[PDB]
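Dumped start.json below, it's JSON, C-alpha atoms:
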[["chain", "number", "residue", "atom", "x", "y", "z"],
["A", 1, "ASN", "CA", -7.45, -32.93, 13.13],
["A", 2, "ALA", "CA", -4.43, -31.00, 11.77],
["A", 3, "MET", "CA", -2.78, -30.93, 15.23],
["A", 4, "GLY", "CA", -2.03, -34.69, 15.11],
["A", 5, "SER", "CA", 0.31, -34.27, 12.10],
["A", 6, "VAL", "CA", 2.74, -32.10, 14.11],
["A", 7, "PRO", "CA", 5.29, -33.54, 16.64],
["A", 8, "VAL", "CA", 3.92, -34.13, 20.16],
["A", 9, "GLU", "CA", 6.20, -31.50, 21.80],
["A", 10, "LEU", "CA", 4.99, -28.81, 19.39],
["A", 11, "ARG", "CA", 1.22, -29.40, 19.51],
["A", 12, "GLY", "CA", 0.66, -26.83, 22.25],
["A", 13, "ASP", "CA", 2.49, -24.12, 20.32],
["A", 14, "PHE", "CA", 0.55, -24.91, 17.14],
["A", 15, "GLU", "CA", -2.66, -24.89, 19.18],
["A", 16, "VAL", "CA", -1.82, -21.28, 20.15],
["A", 17, "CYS", "CA", -1.29, -20.40, 16.48],
["A", 18, "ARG", "CA", -4.61, -22.06, 15.64],
["A", 19, "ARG", "CA", -6.46, -20.10, 18.37],
["A", 20, "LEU", "CA", -4.85, -16.77, 17.41],
["A", 21, "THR", "CA", -5.68, -17.44, 13.76],
["A", 22, "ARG", "CA", -9.31, -18.55, 14.19],
["A", 23, "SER", "CA", -10.16, -15.64, 16.51],
["A", 24, "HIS", "CA", -8.49, -13.00, 14.29],
["A", 25, "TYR", "CA", -9.59, -14.16, 10.84],
["A", 26, "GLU", "CA", -13.38, -14.58, 10.69],
["A", 27, "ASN", "CA", -13.31, -16.33, 7.33],
["A", 28, "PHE", "CA", -10.45, -18.74, 7.94],
["A", 29, "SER", "CA", -12.52, -21.87, 7.25],
["A", 30, "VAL", "CA", -12.86, -20.65, 3.66],
["A", 31, "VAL", "CA", -9.21, -19.53, 3.38],
["A", 32, "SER", "CA", -8.16, -23.07, 4.42],
["A", 33, "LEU", "CA", -11.10, -25.16, 3.07],
["A", 34, "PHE", "CA", -8.74, -26.90, 0.63],
["A", 35, "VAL", "CA", -5.61, -27.26, 2.72],
["A", 36, "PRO", "CA", -4.72, -30.92, 3.55],
["A", 37, "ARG", "CA", -4.59, -31.80, 7.26],
["A", 38, "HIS", "CA", -0.81, -32.20, 7.20],
["A", 39, "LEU", "CA", -0.42, -28.67, 5.85],
["A", 40, "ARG", "CA", -3.03, -26.79, 7.92],
["A", 41, "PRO", "CA", -0.62, -26.33, 10.90],
["A", 42, "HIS", "CA", 1.66, -24.30, 8.62],
["A", 43, "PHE", "CA", -1.27, -22.11, 7.64],
["A", 44, "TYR", "CA", -1.96, -21.48, 11.36],
["A", 45, "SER", "CA", 1.65, -20.51, 12.14],
["A", 46, "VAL", "CA", 2.01, -18.24, 9.09],
["A", 47, "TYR", "CA", -1.33, -16.56, 9.78],
["A", 48, "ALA", "CA", -0.53, -16.13, 13.50],
["A", 49, "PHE", "CA", 2.65, -14.39, 12.32],
["A", 50, "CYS", "CA", 0.56, -12.02, 10.12],
["A", 51, "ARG", "CA", -1.85, -11.38, 13.01],
["A", 52, "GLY", "CA", 1.19, -10.29, 15.04],
["A", 53, "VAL", "CA", 2.08, -7.68, 12.41],
["A", 54, "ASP", "CA", -1.57, -6.52, 12.21],
["A", 55, "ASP", "CA", -1.75, -5.98, 16.00],
["A", 56, "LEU", "CA", 1.14, -3.50, 15.73],
["A", 57, "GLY", "CA", -0.99, -1.33, 13.42],
["A", 58, "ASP", "CA", -3.25, 1.69, 14.03],
["A", 59, "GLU", "CA", -4.67, 0.53, 17.39],
["A", 60, "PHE", "CA", -1.26, -0.46, 18.93],
["A", 61, "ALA", "CA", -0.03, 1.62, 21.91],
["A", 62, "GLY", "CA", 3.80, 1.96, 21.92],
["A", 63, "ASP", "CA", 6.69, 2.87, 19.50],
["A", 64, "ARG", "CA", 5.41, 1.02, 16.42],
["A", 65, "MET", "CA", 8.91, 1.08, 14.93],
["A", 66, "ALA", "CA", 10.51, -0.33, 18.10],
["A", 67, "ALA", "CA", 7.76, -2.97, 18.45],
["A", 68, "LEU", "CA", 8.22, -4.00, 14.80],
["A", 69, "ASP", "CA", 12.01, -4.09, 15.27],
["A", 70, "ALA", "CA", 11.54, -6.44, 18.24],
["A", 71, "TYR", "CA", 9.09, -8.50, 16.18],
["A", 72, "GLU", "CA", 11.68, -8.67, 13.39],
["A", 73, "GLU", "CA", 14.19, -9.83, 16.03],
["A", 74, "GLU", "CA", 11.85, -12.67, 17.04],
["A", 75, "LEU", "CA", 11.42, -13.60, 13.36],
["A", 76, "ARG", "CA", 15.20, -13.77, 12.82],
["A", 77, "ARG", "CA", 15.54, -15.88, 15.98],
["A", 78, "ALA", "CA", 12.95, -18.26, 14.51],
["A", 79, "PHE", "CA", 15.24, -18.69, 11.47],
["A", 80, "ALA", "CA", 18.21, -19.26, 13.78],
["A", 81, "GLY", "CA", 16.41, -22.01, 15.72],
["A", 82, "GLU", "CA", 16.09, -19.97, 18.92],
["A", 83, "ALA", "CA", 12.45, -18.82, 19.07],
["A", 84, "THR", "CA", 11.05, -17.88, 22.50],
["A", 85, "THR", "CA", 7.26, -17.55, 21.92],
["A", 86, "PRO", "CA", 4.75, -20.37, 21.43],
["A", 87, "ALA", "CA", 3.77, -18.74, 18.07],
["A", 88, "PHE", "CA", 7.38, -18.41, 16.92],
["A", 89, "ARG", "CA", 8.33, -21.92, 18.05],
["A", 90, "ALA", "CA", 5.52, -23.17, 15.81],
["A", 91, "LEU", "CA", 6.73, -20.86, 13.01],
["A", 92, "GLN", "CA", 10.30, -22.14, 13.55],
["A", 93, "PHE", "CA", 9.16, -25.70, 12.84],
["A", 94, "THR", "CA", 7.13, -24.50, 9.83],
["A", 95, "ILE", "CA", 10.09, -22.49, 8.44],
["A", 96, "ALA", "CA", 12.29, -25.59, 8.58],
["A", 97, "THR", "CA", 9.75, -28.22, 7.46],
["A", 98, "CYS", "CA", 8.57, -26.22, 4.42],
["A", 99, "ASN", "CA", 11.97, -24.64, 3.72],
["A", 100, "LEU", "CA", 10.48, -21.12, 3.70],
["A", 101, "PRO", "CA", 12.68, -18.13, 2.74],
["A", 102, "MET", "CA", 13.02, -15.13, 5.09],
["A", 103, "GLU", "CA", 12.25, -12.31, 2.63],
["A", 104, "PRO", "CA", 8.43, -12.63, 2.61],
["A", 105, "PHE", "CA", 8.27, -12.44, 6.42],
["A", 106, "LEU", "CA", 10.52, -9.35, 6.45],
["A", 107, "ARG", "CA", 8.32, -7.80, 3.73],
["A", 108, "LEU", "CA", 5.12, -8.26, 5.73],
["A", 109, "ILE", "CA", 6.87, -6.49, 8.63],
["A", 110, "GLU", "CA", 7.98, -3.73, 6.24],
["A", 111, "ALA", "CA", 4.39, -3.41, 4.93],
["A", 112, "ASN", "CA", 3.40, -2.06, 8.34],
["A", 113, "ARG", "CA", 6.21, 0.56, 8.15],
["A", 114, "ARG", "CA", 5.03, 1.50, 4.63],
["A", 115, "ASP", "CA", 1.49, 2.01, 5.94],
["A", 116, "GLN", "CA", 2.86, 4.31, 8.69],
["A", 117, "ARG", "CA", 4.53, 6.65, 6.22],
["A", 118, "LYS", "CA", 1.93, 6.84, 3.43],
["A", 119, "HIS", "CA", -1.64, 8.12, 3.62],
["A", 120, "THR", "CA", -1.87, 8.97, -0.07],
["A", 121, "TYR", "CA", -0.42, 7.37, -3.23],
["A", 122, "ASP", "CA", 0.96, 9.40, -6.15],
["A", 123, "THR", "CA", 1.04, 6.80, -8.96],
["A", 124, "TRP", "CA", -0.09, 3.29, -9.87],
["A", 125, "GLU", "CA", 3.55, 2.23, -9.53],
["A", 126, "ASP", "CA", 3.55, 3.43, -5.90],
["A", 127, "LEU", "CA", 0.40, 1.44, -5.10],
["A", 128, "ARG", "CA", 1.75, -1.62, -6.95],
["A", 129, "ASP", "CA", 4.96, -1.25, -4.90],
["A", 130, "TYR", "CA", 3.03, -1.24, -1.61],
["A", 131, "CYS", "CA", 1.30, -4.47, -2.71],
["A", 132, "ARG", "CA", 4.73, -6.12, -3.05],
["A", 133, "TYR", "CA", 4.95, -5.87, 0.77],
["A", 134, "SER", "CA", 1.35, -6.15, 1.96],
["A", 135, "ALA", "CA", -0.12, -8.73, -0.43],
["A", 136, "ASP", "CA", 2.47, -10.65, -2.48],
["A", 137, "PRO", "CA", 4.35, -12.18, 0.46],
["A", 138, "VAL", "CA", 1.29, -14.20, 1.63],
["A", 139, "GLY", "CA", 0.97, -15.86, -1.79],
["A", 140, "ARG", "CA", 4.68, -16.67, -1.82],
["A", 141, "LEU", "CA", 4.52, -18.36, 1.61],
["A", 142, "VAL", "CA", 1.42, -20.33, 0.54],
["A", 143, "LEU", "CA", 3.35, -21.63, -2.51],
["A", 144, "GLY", "CA", 6.21, -22.40, -0.11],
["A", 145, "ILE", "CA", 3.94, -24.49, 2.13],
["A", 146, "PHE", "CA", 2.84, -26.55, -0.91],
["A", 147, "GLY", "CA", 6.39, -26.97, -2.33],
["A", 148, "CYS", "CA", 5.65, -24.67, -5.27],
["A", 149, "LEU", "CA", 7.91, -21.67, -4.65],
["A", 150, "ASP", "CA", 10.06, -20.69, -7.64],
["A", 151, "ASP", "CA", 10.38, -17.40, -9.54],
["A", 152, "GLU", "CA", 7.93, -18.28, -12.30],
["A", 153, "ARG", "CA", 5.08, -19.37, -10.01],
["A", 154, "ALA", "CA", 5.81, -16.54, -7.54],
["A", 155, "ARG", "CA", 5.44, -14.06, -10.42],
["A", 156, "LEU", "CA", 1.98, -15.46, -11.23],
["A", 157, "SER", "CA", 1.06, -15.59, -7.53],
["A", 158, "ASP", "CA", 1.99, -11.90, -7.17],
["A", 159, "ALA", "CA", -0.38, -10.97, -10.03],
["A", 160, "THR", "CA", -3.23, -12.60, -8.09],
["A", 161, "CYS", "CA", -2.31, -11.36, -4.60],
["A", 162, "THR", "CA", -1.94, -7.79, -6.00],
["A", 163, "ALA", "CA", -5.20, -8.05, -7.97],
["A", 164, "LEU", "CA", -6.95, -9.07, -4.75],
["A", 165, "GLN", "CA", -5.59, -6.18, -2.70],
["A", 166, "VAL", "CA", -6.56, -3.66, -5.39],
["A", 167, "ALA", "CA", -10.09, -5.11, -5.66],
["A", 168, "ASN", "CA", -10.37, -4.78, -1.87],
["A", 169, "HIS", "CA", -8.99, -1.22, -1.85],
["A", 170, "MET", "CA", -11.55, -0.21, -4.46],
["A", 171, "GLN", "CA", -14.57, -1.60, -2.61],
["A", 172, "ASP", "CA", -13.21, 0.03, 0.59],
["A", 173, "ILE", "CA", -12.70, 3.69, -0.43],
["A", 174, "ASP", "CA", -15.20, 4.80, 2.26],
["A", 175, "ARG", "CA", -13.75, 2.67, 5.07],
["A", 176, "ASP", "CA", -10.20, 3.84, 4.23],
["A", 177, "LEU", "CA", -11.21, 7.50, 4.01],
["A", 178, "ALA", "CA", -12.67, 7.37, 7.53],
["A", 179, "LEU", "CA", -9.25, 6.09, 8.65],
["A", 180, "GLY", "CA", -7.29, 8.93, 6.99],
["A", 181, "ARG", "CA", -6.06, 7.03, 3.91],
["A", 182, "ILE", "CA", -6.63, 7.09, 0.18],
["A", 183, "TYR", "CA", -5.19, 4.32, -2.01],
["A", 184, "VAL", "CA", -6.55, 5.59, -5.34],
["A", 185, "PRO", "CA", -3.46, 6.90, -7.17],
["A", 186, "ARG", "CA", -3.26, 10.70, -7.54],
["A", 187, "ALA", "CA", -2.18, 10.57, -11.22],
["A", 188, "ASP", "CA", -4.99, 8.17, -12.21],
["A", 189, "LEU", "CA", -7.53, 10.60, -10.73],
["A", 190, "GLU", "CA", -5.92, 13.58, -12.49],
["A", 191, "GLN", "CA", -5.78, 11.64, -15.78],
["A", 192, "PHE", "CA", -9.59, 11.93, -15.81],
["A", 193, "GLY", "CA", -9.70, 15.50, -14.44],
["A", 194, "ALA", "CA", -10.53, 14.43, -10.89],
["A", 195, "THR", "CA", -8.63, 15.07, -7.65],
["A", 196, "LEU", "CA", -8.21, 13.57, -4.17],
["A", 197, "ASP", "CA", -10.63, 16.29, -2.97],
["A", 198, "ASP", "CA", -13.43, 14.51, -4.85],
["A", 199, "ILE", "CA", -12.67, 11.37, -2.83],
["A", 200, "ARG", "CA", -12.55, 13.34, 0.44],
["A", 201, "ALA", "CA", -15.88, 15.03, -0.44],
["A", 202, "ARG", "CA", -17.25, 11.56, -1.36],
["A", 203, "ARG", "CA", -18.23, 12.85, -4.83],
["A", 204, "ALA", "CA", -18.60, 10.21, -7.51],
["A", 205, "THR", "CA", -17.91, 12.52, -10.46],
["A", 206, "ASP", "CA", -17.40, 11.16, -13.98],
["A", 207, "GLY", "CA", -13.63, 11.47, -13.43],
["A", 208, "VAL", "CA", -13.86, 9.48, -10.20],
["A", 209, "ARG", "CA", -15.96, 6.75, -11.87],
["A", 210, "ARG", "CA", -13.55, 6.50, -14.82],
["A", 211, "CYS", "CA", -10.58, 6.27, -12.45],
["A", 212, "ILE", "CA", -12.19, 3.45, -10.44],
["A", 213, "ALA", "CA", -12.92, 1.73, -13.79],
["A", 214, "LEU", "CA", -9.24, 2.00, -14.77],
["A", 215, "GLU", "CA", -8.21, 0.29, -11.50],
["A", 216, "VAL", "CA", -10.85, -2.42, -11.91],
["A", 217, "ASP", "CA", -9.50, -3.17, -15.42],
["A", 218, "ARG", "CA", -5.91, -3.31, -14.12],
["A", 219, "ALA", "CA", -6.94, -5.79, -11.41],
["A", 220, "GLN", "CA", -8.98, -7.89, -13.85],
["A", 221, "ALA", "CA", -5.90, -8.12, -16.12],
["A", 222, "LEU", "CA", -3.87, -9.22, -13.10],
["A", 223, "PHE", "CA", -6.44, -11.91, -12.27],
["A", 224, "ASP", "CA", -6.29, -13.07, -15.92],
["A", 225, "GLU", "CA", -2.50, -13.35, -15.76],
["A", 226, "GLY", "CA", -2.59, -14.96, -12.28],
["A", 227, "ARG", "CA", -5.02, -17.66, -13.42],
["A", 228, "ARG", "CA", -2.14, -19.51, -15.10],
["A", 229, "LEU", "CA", -0.80, -20.59, -11.68],
["A", 230, "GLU", "CA", -3.87, -22.82, -11.27],
["A", 231, "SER", "CA", -2.38, -25.18, -13.90],
["A", 232, "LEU", "CA", 1.02, -25.42, -12.18],
["A", 233, "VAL", "CA", 0.21, -26.55, -8.62],
["A", 234, "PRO", "CA", -1.34, -29.54, -6.78],
["A", 235, "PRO", "CA", -5.16, -29.65, -7.35],
["A", 236, "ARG", "CA", -5.87, -28.76, -3.69],
["A", 237, "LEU", "CA", -3.85, -25.53, -4.02],
["A", 238, "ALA", "CA", -5.35, -24.96, -7.50],
["A", 239, "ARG", "CA", -8.93, -24.93, -6.17],
["A", 240, "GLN", "CA", -7.89, -22.63, -3.30],
["A", 241, "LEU", "CA", -6.37, -20.18, -5.80],
["A", 242, "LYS", "CA", -9.38, -20.43, -8.10],
["A", 243, "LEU", "CA", -11.59, -19.54, -5.20],
["A", 244, "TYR", "CA", -9.50, -16.51, -4.15],
["A", 245, "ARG", "CA", -9.72, -15.48, -7.82],
["A", 246, "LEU", "CA", -13.50, -15.96, -7.94],
["A", 247, "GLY", "CA", -13.94, -13.87, -4.78],
["A", 248, "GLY", "CA", -11.76, -11.10, -6.20],
["A", 249, "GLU", "CA", -13.53, -11.19, -9.56],
["A", 250, "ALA", "CA", -16.90, -10.97, -7.81],
["A", 251, "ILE", "CA", -15.71, -7.84, -5.97],
["A", 252, "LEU", "CA", -14.86, -6.23, -9.32],
["A", 253, "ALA", "CA", -18.21, -7.32, -10.75],
["A", 254, "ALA", "CA", -20.13, -5.65, -7.90],
["A", 255, "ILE", "CA", -18.15, -2.42, -8.46],
["A", 256, "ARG", "CA", -19.06, -2.52, -12.17],
["A", 257, "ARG", "CA", -22.69, -3.20, -11.19],
["A", 258, "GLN", "CA", -22.50, -0.02, -9.07],
["A", 259, "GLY", "CA", -21.30, 2.21, -11.91],
["A", 260, "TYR", "CA", -17.87, 2.47, -10.28],
["A", 261, "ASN", "CA", -19.33, 4.37, -7.32],
["A", 262, "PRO", "CA", -17.99, 3.85, -3.79],
["A", 263, "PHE", "CA", -19.61, 5.81, -0.90]]

Would you mind writing the structure in this file as structure tokens?
Amino acid sequence: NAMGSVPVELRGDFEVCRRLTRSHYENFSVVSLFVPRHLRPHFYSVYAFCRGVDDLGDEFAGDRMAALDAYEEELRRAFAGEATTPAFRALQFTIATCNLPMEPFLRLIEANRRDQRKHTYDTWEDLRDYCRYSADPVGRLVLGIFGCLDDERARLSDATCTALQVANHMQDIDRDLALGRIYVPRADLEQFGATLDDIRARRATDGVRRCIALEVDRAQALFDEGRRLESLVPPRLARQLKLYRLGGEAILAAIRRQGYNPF
């Protein structure tokens, strides 16, 4: 019972975070299978925060930018000790207890703005750069919760978080296409004589397959580099990281076992 490790006055607010988290993330029992009871509440508040950013995505009615600005306002208030939501009161306690920096929260907010303005990616560097906002900040906050957040370990965390997002992008070419987005870099397709039109026309040409393979290799190399973090953290966090890695590696392995063919 994670709720018992939080102060009595805050248990309601953390209960909200727990509800919002469990209902939004179907696999949360796996994501938190290793987290000690005294740290689970911080997972719930951080994940409720991410859910809040998700909800202001494609299906949100209203000025996305204005909504996100207001959400950023709430976030800053939570760092000033003047939160007004149950979710953000819980986050406020978490921020303080785990000494979390503000930048990763602001980057997750910015990730949503990045997704608004880009439907296609020109280069690998552009995709990598998106990952610095959409994927990396989660890993950094997780290290923060465990007392492991410094530049060296963050660097290794980022390799893993980025690897994971790429792996997921690659297995989700079809899903993303149906939503109006292509994450496969334009230059990496052209490097093998393919184009974005191939992706739109769901054609798994030799160029397409070689481009997917290039991304898979990049992500595998990032997993390999990320792996080092597993030796630098408490064993509970280490096993959690290993398991994210295994999941990501298995996604790559299924892509390979499909001849690098989405669709």

Quiz item: For residue 42 in chain A, which of A:109, A:148, A:246, A:100 is the closest residue, counting all atoms listed in the file?
Solution: A:100

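A straight line drawn from CA of residue 59 in chain A to CA of residue 179 in chain A is 11.3 Å long.
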
Polymer residues at most 9 Å from residue 172 in chain A, only C-alpha atoms, same-chain spacing of 5 or more positions, as a CSV table (one decimal) with C-alpha atoms, in the coordinates of the input:
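The result, stored in out.csv:
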chain,number,residue,atom,x,y,z
A,167,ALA,CA,-10.1,-5.1,-5.7
A,177,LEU,CA,-11.2,7.5,4.0
A,262,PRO,CA,-18.0,3.8,-3.8
A,263,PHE,CA,-19.6,5.8,-0.9

Practice problem: Tell me, as a list in words, which residues lie within 8 Å of range 131-141 of chain A, counting only C-alpha atoms; anything in the same chain fewer than 6 positions away does not count. | Solution: residues 46, 100, 104, 105, 107, 108, 110, 111, 112, 149, 154, 157, 158, 161, 162 and 165 of chain A

Quiz item: Pick from A:217, A:230, A:150, A:13: nearest to residue 84 in chain A, with all atoms listed in the file counted?
Solution: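 Of all the options, A:13 lies closest to residue 84 in chain A.
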
Self-check item: residue 228 in chain A environment, 8 Å, all atoms listed in the file, sequence neighbours closer than 4 positions dropped, as a VMD selection string
Solution: chain A and resid 156 224 232

Selected residues, C-alpha atoms, written as a compact mmCIF listing (two decimals), in the coordinates of the input, please.
# COMPACT_ATOMS: atom_id res chain seq x y z
CA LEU A 156 1.98 -15.46 -11.23
CA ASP A 224 -6.29 -13.07 -15.92
CA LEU A 232 1.02 -25.42 -12.18

Exercise. Could you check how far CA of residue 245 in chain A sits from CA of residue 163 in chain A, in Å to one decimal?
Key: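 Between these atoms lies a distance of 8.7 Å.
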
Report, as AutoDock Vina command-line options, the centre and edge lengths in Å (one decimal) of the axis-aligned box enclosing every listed atom of range 177-184 of chain A, padded by 6 Å on each side.
--center_x -8.9 --center_y 6.6 --center_z 1.7 --size_x 19.5 --size_y 16.6 --size_z 26.0

Quiz item: Counting all atoms listed in the file, what is within 12 Å of range 113-118 of chain A, bar same-chain residues fewer than 2 positions away, as a PyMOL selection string?
Solution: chain A and resi 53-54+56-58+63-69+72+106-111+120-122+126-127+129-134+176+179-183+185

Output C-alpha atoms for every residue in that selection, as a PDB file, in the frame of the given file.
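So the final result, stored in again26.pdb, reads:
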ATOM      1  CA  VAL A  53       2.080  -7.680  12.410  1.00  0.00           C
ATOM      2  CA  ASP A  54      -1.570  -6.520  12.210  1.00  0.00           C
ATOM      3  CA  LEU A  56       1.140  -3.500  15.730  1.00  0.00           C
ATOM      4  CA  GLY A  57      -0.990  -1.330  13.420  1.00  0.00           C
ATOM      5  CA  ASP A  58      -3.250   1.690  14.030  1.00  0.00           C
ATOM      6  CA  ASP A  63       6.690   2.870  19.500  1.00  0.00           C
ATOM      7  CA  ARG A  64       5.410   1.020  16.420  1.00  0.00           C
ATOM      8  CA  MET A  65       8.910   1.080  14.930  1.00  0.00           C
ATOM      9  CA  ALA A  66      10.510  -0.330  18.100  1.00  0.00           C
ATOM     10  CA  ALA A  67       7.760  -2.970  18.450  1.00  0.00           C
ATOM     11  CA  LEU A  68       8.220  -4.000  14.800  1.00  0.00           C
ATOM     12  CA  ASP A  69      12.010  -4.090  15.270  1.00  0.00           C
ATOM     13  CA  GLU A  72      11.680  -8.670  13.390  1.00  0.00           C
ATOM     14  CA  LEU A 106      10.520  -9.350   6.450  1.00  0.00           C
ATOM     15  CA  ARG A 107       8.320  -7.800   3.730  1.00  0.00           C
ATOM     16  CA  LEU A 108       5.120  -8.260   5.730  1.00  0.00           C
ATOM     17  CA  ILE A 109       6.870  -6.490   8.630  1.00  0.00           C
ATOM     18  CA  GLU A 110       7.980  -3.730   6.240  1.00  0.00           C
ATOM     19  CA  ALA A 111       4.390  -3.410   4.930  1.00  0.00           C
ATOM     20  CA  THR A 120      -1.870   8.970  -0.070  1.00  0.00           C
ATOM     21  CA  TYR A 121      -0.420   7.370  -3.230  1.00  0.00           C
ATOM     22  CA  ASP A 122       0.960   9.400  -6.150  1.00  0.00           C
ATOM     23  CA  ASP A 126       3.550   3.430  -5.900  1.00  0.00           C
ATOM     24  CA  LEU A 127       0.400   1.440  -5.100  1.00  0.00           C
ATOM     25  CA  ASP A 129       4.960  -1.250  -4.900  1.00  0.00           C
ATOM     26  CA  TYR A 130       3.030  -1.240  -1.610  1.00  0.00           C
ATOM     27  CA  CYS A 131       1.300  -4.470  -2.710  1.00  0.00           C
ATOM     28  CA  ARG A 132       4.730  -6.120  -3.050  1.00  0.00           C
ATOM     29  CA  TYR A 133       4.950  -5.870   0.770  1.00  0.00           C
ATOM     30  CA  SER A 134       1.350  -6.150   1.960  1.00  0.00           C
ATOM     31  CA  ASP A 176     -10.200   3.840   4.230  1.00  0.00           C
ATOM     32  CA  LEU A 179      -9.250   6.090   8.650  1.00  0.00           C
ATOM     33  CA  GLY A 180      -7.290   8.930   6.990  1.00  0.00           C
ATOM     34  CA  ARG A 181      -6.060   7.030   3.910  1.00  0.00           C
ATOM     35  CA  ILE A 182      -6.630   7.090   0.180  1.00  0.00           C
ATOM     36  CA  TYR A 183      -5.190   4.320  -2.010  1.00  0.00           C
ATOM     37  CA  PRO A 185      -3.460   6.900  -7.170  1.00  0.00           C
TER      38      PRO A 185
END

Practice problem: Counting only C-alpha atoms, figure out which residue out of A:231, A:209, A:23, A:169 gets nearest to residue 248 in chain A. | Solution: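 Closest residue, counting only C-alpha atoms: A:169.
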
Practice problem: Provide the CA of residue 52 in chain A to CA of residue 160 in chain A distance in Å, to one decimal place. | Solution: 23.7 Å

Would you mind completing range 51-69 of chain A so that it carries N, CA and C atoms, and writing it out as a PDB file, keeping the file's coordinate frame?
ATOM      1  N   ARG A  51      -1.058 -11.989  11.952  1.00  0.00           N
ATOM      2  CA  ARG A  51      -1.850 -11.380  13.010  1.00  0.00           C
ATOM      3  C   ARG A  51      -0.966 -10.511  13.908  1.00  0.00           C
ATOM      4  N   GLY A  52       0.223 -11.018  14.225  1.00  0.00           N
ATOM      5  CA  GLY A  52       1.190 -10.290  15.040  1.00  0.00           C
ATOM      6  C   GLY A  52       1.585  -8.963  14.432  1.00  0.00           C
ATOM      7  N   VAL A  53       1.775  -8.938  13.113  1.00  0.00           N
ATOM      8  CA  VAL A  53       2.080  -7.680  12.410  1.00  0.00           C
ATOM      9  C   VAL A  53       0.863  -6.747  12.395  1.00  0.00           C
ATOM     10  N   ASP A  54      -0.329  -7.302  12.173  1.00  0.00           N
ATOM     11  CA  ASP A  54      -1.570  -6.520  12.210  1.00  0.00           C
ATOM     12  C   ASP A  54      -1.765  -5.796  13.542  1.00  0.00           C
ATOM     13  N   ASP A  55      -1.567  -6.518  14.644  1.00  0.00           N
ATOM     14  CA  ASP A  55      -1.750  -5.980  16.000  1.00  0.00           C
ATOM     15  C   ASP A  55      -0.861  -4.772  16.312  1.00  0.00           C
ATOM     16  N   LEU A  56       0.247  -4.654  15.590  1.00  0.00           N
ATOM     17  CA  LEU A  56       1.140  -3.500  15.730  1.00  0.00           C
ATOM     18  C   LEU A  56       0.796  -2.425  14.687  1.00  0.00           C
ATOM     19  N   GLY A  57      -0.500  -2.276  14.408  1.00  0.00           N
ATOM     20  CA  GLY A  57      -0.990  -1.330  13.420  1.00  0.00           C
ATOM     21  C   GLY A  57      -1.482  -0.027  14.034  1.00  0.00           C
ATOM     22  N   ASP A  58      -2.667   0.412  13.604  1.00  0.00           N
ATOM     23  CA  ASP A  58      -3.250   1.690  14.030  1.00  0.00           C
ATOM     24  C   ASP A  58      -3.661   1.729  15.507  1.00  0.00           C
ATOM     25  N   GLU A  59      -4.130   0.594  16.027  1.00  0.00           N
ATOM     26  CA  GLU A  59      -4.670   0.530  17.390  1.00  0.00           C
ATOM     27  C   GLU A  59      -3.613   0.152  18.450  1.00  0.00           C
ATOM     28  N   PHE A  60      -2.357  -0.108  18.009  1.00  0.00           N
ATOM     29  CA  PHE A  60      -1.260  -0.460  18.930  1.00  0.00           C
ATOM     30  C   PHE A  60      -0.758   0.759  19.710  1.00  0.00           C
ATOM     31  N   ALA A  61      -0.642   0.576  21.048  1.00  0.00           N
ATOM     32  CA  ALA A  61      -0.030   1.620  21.910  1.00  0.00           C
ATOM     33  C   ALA A  61       1.454   1.228  22.115  1.00  0.00           C
ATOM     34  N   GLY A  62       2.343   2.270  21.885  1.00  0.00           N
ATOM     35  CA  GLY A  62       3.800   1.960  21.920  1.00  0.00           C
ATOM     36  C   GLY A  62       4.496   2.393  20.643  1.00  0.00           C
ATOM     37  N   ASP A  63       5.885   2.467  20.683  1.00  0.00           N
ATOM     38  CA  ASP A  63       6.690   2.870  19.500  1.00  0.00           C
ATOM     39  C   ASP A  63       6.580   1.764  18.442  1.00  0.00           C
ATOM     40  N   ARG A  64       5.621   1.945  17.533  1.00  0.00           N
ATOM     41  CA  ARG A  64       5.410   1.020  16.420  1.00  0.00           C
ATOM     42  C   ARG A  64       6.725   0.494  15.873  1.00  0.00           C
ATOM     43  N   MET A  65       7.617   1.416  15.520  1.00  0.00           N
ATOM     44  CA  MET A  65       8.910   1.080  14.930  1.00  0.00           C
ATOM     45  C   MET A  65       9.734   0.162  15.832  1.00  0.00           C
ATOM     46  N   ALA A  66       9.769   0.474  17.126  1.00  0.00           N
ATOM     47  CA  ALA A  66      10.510  -0.330  18.100  1.00  0.00           C
ATOM     48  C   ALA A  66       9.865  -1.704  18.296  1.00  0.00           C
ATOM     49  N   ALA A  67       8.531  -1.730  18.346  1.00  0.00           N
ATOM     50  CA  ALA A  67       7.760  -2.970  18.450  1.00  0.00           C
ATOM     51  C   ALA A  67       8.014  -3.878  17.237  1.00  0.00           C
ATOM     52  N   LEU A  68       7.980  -3.282  16.046  1.00  0.00           N
ATOM     53  CA  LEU A  68       8.220  -4.000  14.800  1.00  0.00           C
ATOM     54  C   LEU A  68       9.657  -4.504  14.706  1.00  0.00           C
ATOM     55  N   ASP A  69      10.602  -3.693  15.186  1.00  0.00           N
ATOM     56  CA  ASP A  69      12.010  -4.090  15.270  1.00  0.00           C
ATOM     57  C   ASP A  69      12.192  -5.305  16.180  1.00  0.00           C
TER      58      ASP A  69
END
